[PDB]
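Reproduced below: data_0.txt, with compact mmCIF, C-alpha atoms and all ligand atoms.
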# COMPACT_ATOMS: atom_id res chain seq x y z
CA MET E 1 131.64 140.09 39.69
CA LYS E 2 128.82 140.91 37.28
CA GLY E 3 125.73 141.24 39.48
CA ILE E 4 126.14 139.81 42.98
CA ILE E 5 123.28 137.40 42.24
CA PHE E 6 124.69 136.40 38.88
CA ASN E 7 128.15 136.42 40.47
CA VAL E 8 127.49 133.72 43.06
CA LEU E 9 125.60 131.79 40.39
CA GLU E 10 128.37 132.22 37.81
CA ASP E 11 130.71 130.53 40.26
CA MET E 12 128.25 127.72 40.98
CA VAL E 13 128.03 126.97 37.27
CA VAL E 14 131.82 127.10 36.95
CA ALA E 15 131.83 124.26 39.44
CA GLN E 16 129.07 122.20 37.77
CA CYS E 17 129.19 122.52 33.97
CA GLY E 18 132.11 124.92 34.03
CA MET E 19 132.88 128.38 32.77
CA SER E 20 132.61 127.14 29.19
CA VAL E 21 128.89 126.40 29.49
CA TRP E 22 128.31 129.54 31.57
CA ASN E 23 129.55 131.55 28.59
CA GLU E 24 127.56 129.44 26.10
CA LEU E 25 124.06 130.11 27.49
CA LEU E 26 125.11 133.55 28.71
CA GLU E 27 126.52 134.84 25.42
CA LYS E 28 123.46 133.30 23.79
CA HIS E 29 121.08 135.01 26.24
CA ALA E 30 122.79 137.76 28.24
CA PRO E 31 124.96 140.36 26.39
CA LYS E 32 128.64 139.64 25.77
CA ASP E 33 129.51 143.34 25.41
CA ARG E 34 127.64 144.90 28.32
CA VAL E 35 129.29 144.18 31.68
CA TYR E 36 127.78 144.69 35.14
CA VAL E 37 129.16 144.74 38.70
CA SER E 38 128.22 143.16 42.03
CA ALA E 39 126.47 146.46 42.83
CA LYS E 40 124.75 147.41 39.56
CA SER E 41 121.24 146.54 38.42
CA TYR E 42 120.32 142.85 38.62
CA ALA E 43 117.02 142.18 36.85
CA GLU E 44 116.17 138.74 38.22
CA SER E 45 113.78 138.41 35.28
CA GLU E 46 116.73 137.23 33.19
CA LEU E 47 117.88 134.87 35.94
CA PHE E 48 114.86 132.60 35.56
CA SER E 49 115.96 131.88 31.99
CA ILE E 50 119.53 131.39 33.13
CA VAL E 51 118.68 128.98 35.94
CA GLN E 52 116.55 127.19 33.34
CA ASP E 53 119.32 126.89 30.73
CA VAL E 54 121.80 125.42 33.16
CA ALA E 55 118.97 123.28 34.56
CA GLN E 56 118.42 121.84 31.09
CA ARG E 57 122.13 120.99 31.07
CA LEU E 58 122.06 119.34 34.51
CA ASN E 59 118.80 117.73 33.45
CA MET E 60 117.21 118.90 36.70
CA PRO E 61 113.85 120.68 37.26
CA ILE E 62 114.17 124.46 37.25
CA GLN E 63 112.67 124.44 40.75
CA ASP E 64 115.47 122.30 42.16
CA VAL E 65 118.17 124.45 40.60
CA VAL E 66 116.79 127.80 41.73
CA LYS E 67 116.31 126.35 45.21
CA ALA E 68 119.99 125.48 45.34
CA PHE E 69 121.17 128.88 44.09
CA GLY E 70 119.33 130.30 47.09
CA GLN E 71 121.48 128.36 49.53
CA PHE E 72 124.68 129.30 47.69
CA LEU E 73 123.47 132.90 47.55
CA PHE E 74 123.32 133.19 51.35
CA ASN E 75 126.80 131.74 51.68
CA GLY E 76 128.73 134.07 49.37
CA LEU E 77 126.69 137.04 50.61
CA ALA E 78 127.75 136.45 54.21
CA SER E 79 131.16 137.42 52.82
CA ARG E 80 129.96 140.61 51.15
CA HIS E 81 127.73 142.11 53.83
CA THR E 82 129.58 140.12 56.51
CA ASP E 83 129.64 143.17 58.79
CA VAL E 84 125.85 143.10 58.50
CA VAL E 85 125.76 139.43 59.52
CA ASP E 86 128.04 139.84 62.54
CA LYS E 87 125.15 141.94 63.86
CA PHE E 88 122.99 138.83 64.31
CA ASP E 89 124.05 136.28 66.94
CA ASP E 90 121.73 133.52 65.69
CA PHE E 91 119.58 132.18 62.85
CA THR E 92 116.42 133.28 64.64
CA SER E 93 117.41 136.92 65.14
CA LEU E 94 118.14 137.00 61.42
CA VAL E 95 114.70 135.67 60.49
CA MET E 96 112.88 138.13 62.75
CA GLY E 97 115.29 140.86 61.60
CA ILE E 98 115.58 140.22 57.79
CA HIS E 99 113.83 143.17 56.13
CA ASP E 100 114.17 145.15 59.37
CA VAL E 101 117.93 145.29 60.00
CA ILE E 102 119.33 143.69 56.81
CA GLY E 103 116.93 145.63 54.60
CA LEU E 104 117.50 148.85 56.51
CA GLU E 105 121.23 148.24 56.22
CA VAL E 106 121.01 147.70 52.47
CA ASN E 107 119.26 151.04 52.04
CA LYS E 108 122.23 152.72 53.73
CA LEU E 109 124.56 150.97 51.29
CA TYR E 110 122.55 152.26 48.32
CA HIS E 111 119.30 154.09 47.54
CA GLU E 112 117.24 151.23 46.11
CA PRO E 113 113.39 151.46 46.10
CA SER E 114 111.78 149.03 48.56
CA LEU E 115 112.46 145.41 49.50
CA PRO E 116 109.69 142.74 49.18
CA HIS E 117 107.11 142.39 51.97
CA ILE E 118 108.64 140.16 54.67
CA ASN E 119 107.22 139.57 58.16
CA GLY E 120 108.69 137.23 60.79
CA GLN E 121 107.55 136.17 64.26
CA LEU E 122 108.74 133.97 67.14
CA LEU E 123 106.85 130.96 68.55
CA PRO E 124 107.05 129.19 71.98
CA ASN E 125 107.68 125.68 70.60
CA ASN E 126 111.06 126.84 69.28
CA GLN E 127 109.54 127.80 65.93
CA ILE E 128 109.68 130.90 63.69
CA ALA E 129 106.83 131.94 61.40
CA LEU E 130 108.03 133.69 58.22
CA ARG E 131 105.83 135.46 55.66
CA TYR E 132 107.24 136.16 52.18
CA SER E 133 105.34 137.96 49.40
CA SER E 134 106.80 139.15 46.09
CA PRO E 135 105.62 139.42 42.42
CA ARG E 136 108.89 137.83 41.28
CA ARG E 137 107.66 134.50 42.61
CA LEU E 138 111.28 133.84 43.61
CA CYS E 139 109.89 132.19 46.75
CA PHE E 140 111.81 129.04 45.83
CA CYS E 141 114.99 131.03 46.40
CA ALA E 142 113.65 132.28 49.72
CA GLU E 143 113.73 128.72 51.03
CA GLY E 144 117.22 128.12 49.69
CA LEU E 145 118.47 131.24 51.47
CA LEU E 146 116.83 130.41 54.80
CA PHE E 147 118.01 126.80 54.77
CA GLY E 148 121.55 127.98 54.00
CA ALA E 149 121.57 130.57 56.77
CA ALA E 150 120.81 127.98 59.45
CA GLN E 151 123.57 125.69 58.12
CA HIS E 152 126.10 128.51 58.32
CA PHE E 153 125.31 128.85 62.02
CA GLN E 154 125.53 125.06 62.45
CA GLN E 155 121.75 124.81 62.65
CA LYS E 156 119.35 122.24 61.16
CA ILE E 157 115.87 123.60 60.39
CA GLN E 158 112.86 122.60 58.31
CA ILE E 159 110.77 125.01 56.21
CA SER E 160 107.19 124.04 55.33
CA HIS E 161 106.18 126.14 52.32
CA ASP E 162 102.53 125.11 52.12
CA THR E 163 100.89 128.46 51.30
CA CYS E 164 102.38 129.74 48.03
CA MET E 165 100.98 132.47 45.75
CA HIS E 166 101.47 129.83 43.06
CA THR E 167 97.95 128.95 44.14
CA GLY E 168 96.64 132.51 44.47
CA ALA E 169 96.71 132.93 48.25
CA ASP E 170 97.31 136.27 49.96
CA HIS E 171 101.03 135.47 49.99
CA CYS E 172 103.62 132.77 50.76
CA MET E 173 103.78 130.96 54.11
CA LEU E 174 107.09 129.54 55.26
CA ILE E 175 106.82 127.82 58.61
CA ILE E 176 110.19 127.17 60.22
CA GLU E 177 111.07 124.79 63.05
CA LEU E 178 114.24 124.09 65.01
CA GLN E 179 115.61 120.56 65.18
CA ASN E 180 114.56 118.63 68.28
CA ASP E 181 111.83 121.20 68.91
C1 LIG E 201 118.17 134.52 55.02
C2 LIG E 201 118.24 135.88 54.77
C3 LIG E 201 117.73 136.42 53.61
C4 LIG E 201 116.55 136.12 53.03
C5 LIG E 201 115.53 135.16 53.53
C6 LIG E 201 116.47 136.91 51.82
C7 LIG E 201 115.51 136.75 50.86
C8 LIG E 201 115.48 137.42 49.66
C9 LIG E 201 114.47 137.22 48.64
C10 LIG E 201 113.67 135.98 48.42
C11 LIG E 201 114.62 138.24 47.77
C12 LIG E 201 113.59 138.76 46.82
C13 LIG E 201 113.72 138.13 45.43
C14 LIG E 201 112.55 138.54 44.59
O1 LIG E 201 111.53 139.00 45.17
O2 LIG E 201 112.63 138.35 43.35
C15 LIG E 201 115.88 138.85 48.09
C16 LIG E 201 116.48 139.82 47.32
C17 LIG E 201 117.62 140.50 47.67
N1 LIG E 201 118.30 140.32 48.85
FE1 LIG E 201 117.92 139.05 50.28
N2 LIG E 201 117.54 137.77 51.72
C18 LIG E 201 118.31 137.48 52.82
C19 LIG E 201 119.49 138.13 53.13
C20 LIG E 201 120.05 139.13 52.39
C21 LIG E 201 121.43 139.55 52.50
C22 LIG E 201 122.58 138.66 52.84
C23 LIG E 201 121.48 140.71 51.83
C24 LIG E 201 122.08 141.88 52.27
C25 LIG E 201 123.43 142.09 52.13
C26 LIG E 201 120.40 140.63 50.88
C27 LIG E 201 120.40 141.24 49.65
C28 LIG E 201 119.39 141.16 48.73
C29 LIG E 201 119.37 141.89 47.48
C30 LIG E 201 120.26 143.01 47.09
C31 LIG E 201 118.31 141.41 46.79
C32 LIG E 201 117.97 141.73 45.37
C33 LIG E 201 116.78 142.69 45.26
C34 LIG E 201 116.32 142.76 43.83
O3 LIG E 201 117.16 142.51 42.93
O4 LIG E 201 115.11 143.04 43.61
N3 LIG E 201 119.47 139.70 51.28
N4 LIG E 201 116.37 138.40 49.29

Now, as a test, write the supplied structure out as structure tokens.
Amino acid sequence: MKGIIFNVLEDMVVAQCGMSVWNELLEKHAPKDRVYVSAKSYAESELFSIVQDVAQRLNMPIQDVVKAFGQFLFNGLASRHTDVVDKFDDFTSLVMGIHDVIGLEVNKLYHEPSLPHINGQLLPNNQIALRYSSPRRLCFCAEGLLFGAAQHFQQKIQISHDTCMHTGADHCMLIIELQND
């Protein structure tokens, strides 16, 4: 438990460095007294430092770790909001439906303010254009999630994240393409 985001990640660390390290950087950073749930607040702001700590332990760049957590995050989630997934018959529908159906669905589950700005579209050459913009700059995760989704549905895609606010552009551009286009 403890934050759905931190929950899936907690498990991932239990597999890599183990629960012992998870508690070491957590108790050092996050509170040992305060306990959250897979439905309570989940300030990602703290995550960044967490994915960095563990990254220092795996001796991997923070960008490669966060990316991974994104993939894992889609997996475990498909278990939580599974009913919400069984609404989409394919990877594509999910990409053009993200904020729309999934977001809408989330709102029904809980109040919540507003989800990041996400816009998807379909292309003729079996491609899907996805636009992701958020001040959290968690874009790296975005890719991880998308890549994971496809895999779940036995699909092999490629995401070209050329435009990235990291530069200062209007937003992030994630071009997707289906294998054997
Ligand atoms: C491939 C599909 C999905 C994509 C591409 C996606 C992408 C993202 C991204 C990148 C963020 C914003 C992080 C940020 O701006 O800091 C996010 C947050 C979130 N997503 Fe998804 N998501 C997907 C599916 C879902 C699913 C499985 C659920 C619904 C059950 C969901 C639940 C959430 C929640 C609750 C947050 C946290 C919001 C917050 O803490 O501010 N997403 N997602």

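Straight-line separation from CA of residue 70 in chain E to CA of residue 26 in chain E: 19.5 Å.
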
Residues within 10 Å of residue 133 in chain E, only C-alpha atoms, excluding chain neighbours under 5 positions, as number ranges by chain: E: 116-119, 138-139, 164-165, 170-173

At most 7 Å from ligand LIG 201 (chain E) (only C-alpha atoms and all ligand atoms): residue list as a VMD selection string: chain E and resid 42 to 44 74 77 to 78 80 to 81 84 94 to 95 98 102 to 103 106 115 to 116 134 to 139 141 to 142 145 to 146 149

Please produce a file of the residues just selected, as a compact mmCIF listing (two decimals), in the frame of the given file, where the atoms kept are C-alpha atoms.
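Contents of again_2.txt, as written:
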# COMPACT_ATOMS: atom_id res chain seq x y z
CA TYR E 42 120.32 142.85 38.62
CA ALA E 43 117.02 142.18 36.85
CA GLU E 44 116.17 138.74 38.22
CA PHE E 74 123.32 133.19 51.35
CA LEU E 77 126.69 137.04 50.61
CA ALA E 78 127.75 136.45 54.21
CA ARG E 80 129.96 140.61 51.15
CA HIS E 81 127.73 142.11 53.83
CA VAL E 84 125.85 143.10 58.50
CA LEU E 94 118.14 137.00 61.42
CA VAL E 95 114.70 135.67 60.49
CA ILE E 98 115.58 140.22 57.79
CA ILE E 102 119.33 143.69 56.81
CA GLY E 103 116.93 145.63 54.60
CA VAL E 106 121.01 147.70 52.47
CA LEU E 115 112.46 145.41 49.50
CA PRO E 116 109.69 142.74 49.18
CA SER E 134 106.80 139.15 46.09
CA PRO E 135 105.62 139.42 42.42
CA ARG E 136 108.89 137.83 41.28
CA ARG E 137 107.66 134.50 42.61
CA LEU E 138 111.28 133.84 43.61
CA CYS E 139 109.89 132.19 46.75
CA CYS E 141 114.99 131.03 46.40
CA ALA E 142 113.65 132.28 49.72
CA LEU E 145 118.47 131.24 51.47
CA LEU E 146 116.83 130.41 54.80
CA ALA E 149 121.57 130.57 56.77

Shell around residue 93 in chain E at 12 Å using all atoms listed in the file, local window under 3 positions removed, as a list in words: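 Those residues are residues 85, 86, 87, 88, 89, 90, 96, 97, 98, 99, 100, 101, 102, 120, 121, 122, 128, 149, 150 and 153 of chain E.
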
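For the pair CA of residue 49 in chain E and CA of residue 18 in chain E, the interatomic distance is 17.7 Å.
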
Who sits within 6 Å of range 2-12 of chain E, all atoms listed in the file, same chain under 4 positions skipped, as JSON, numbers by chain: {"E": [36, 37, 38, 42]}

Write out as a CSV table (one decimal) with C-alpha atoms, keeping the file's coordinate frame which residues come within 12 Å of residue 55 in chain E when counting all atoms listed in the file, dropping same-chain ones fewer than 3 positions away.
chain,number,residue,atom,x,y,z
E,13,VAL,CA,128.0,127.0,37.3
E,16,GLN,CA,129.1,122.2,37.8
E,17,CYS,CA,129.2,122.5,34.0
E,21,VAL,CA,128.9,126.4,29.5
E,22,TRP,CA,128.3,129.5,31.6
E,25,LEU,CA,124.1,130.1,27.5
E,47,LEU,CA,117.9,134.9,35.9
E,48,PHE,CA,114.9,132.6,35.6
E,49,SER,CA,116.0,131.9,32.0
E,50,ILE,CA,119.5,131.4,33.1
E,51,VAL,CA,118.7,129.0,35.9
E,52,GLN,CA,116.6,127.2,33.3
E,58,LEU,CA,122.1,119.3,34.5
E,59,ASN,CA,118.8,117.7,33.4
E,60,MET,CA,117.2,118.9,36.7
E,61,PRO,CA,113.8,120.7,37.3
E,62,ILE,CA,114.2,124.5,37.2
E,63,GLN,CA,112.7,124.4,40.8
E,64,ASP,CA,115.5,122.3,42.2
E,65,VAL,CA,118.2,124.4,40.6
E,66,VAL,CA,116.8,127.8,41.7
E,67,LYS,CA,116.3,126.4,45.2
E,68,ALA,CA,120.0,125.5,45.3
E,69,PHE,CA,121.2,128.9,44.1

Quick one: residues within 9 Å of (114.7, 121.4, 64.6) (file frame), counting only C-alpha atoms, please, as a PDB file with C-alpha atoms, keeping the file's coordinate frame.
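To be explicit, this is the file written out as part02.pdb:
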ATOM      1  CA  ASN E 126     111.060 126.840  69.280  1.00  0.00           C
ATOM      2  CA  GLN E 127     109.540 127.800  65.930  1.00  0.00           C
ATOM      3  CA  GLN E 155     121.750 124.810  62.650  1.00  0.00           C
ATOM      4  CA  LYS E 156     119.350 122.240  61.160  1.00  0.00           C
ATOM      5  CA  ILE E 157     115.870 123.600  60.390  1.00  0.00           C
ATOM      6  CA  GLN E 158     112.860 122.600  58.310  1.00  0.00           C
ATOM      7  CA  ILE E 176     110.190 127.170  60.220  1.00  0.00           C
ATOM      8  CA  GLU E 177     111.070 124.790  63.050  1.00  0.00           C
ATOM      9  CA  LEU E 178     114.240 124.090  65.010  1.00  0.00           C
ATOM     10  CA  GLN E 179     115.610 120.560  65.180  1.00  0.00           C
ATOM     11  CA  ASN E 180     114.560 118.630  68.280  1.00  0.00           C
ATOM     12  CA  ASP E 181     111.830 121.200  68.910  1.00  0.00           C
TER      13      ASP E 181
END

For range 125-130 of chain E, what centre and edge lengths in Å (one decimal) does the axis-aligned box get once 8 Å is added on each side of all its listed atoms, as JSON?
{"center_x": 108.9, "center_y": 129.7, "center_z": 64.4, "size_x": 20.2, "size_y": 24.0, "size_z": 28.4}

Å distance separating CA of residue 82 in chain E from CA of residue 154 in chain E, one decimal place: 16.7 Å
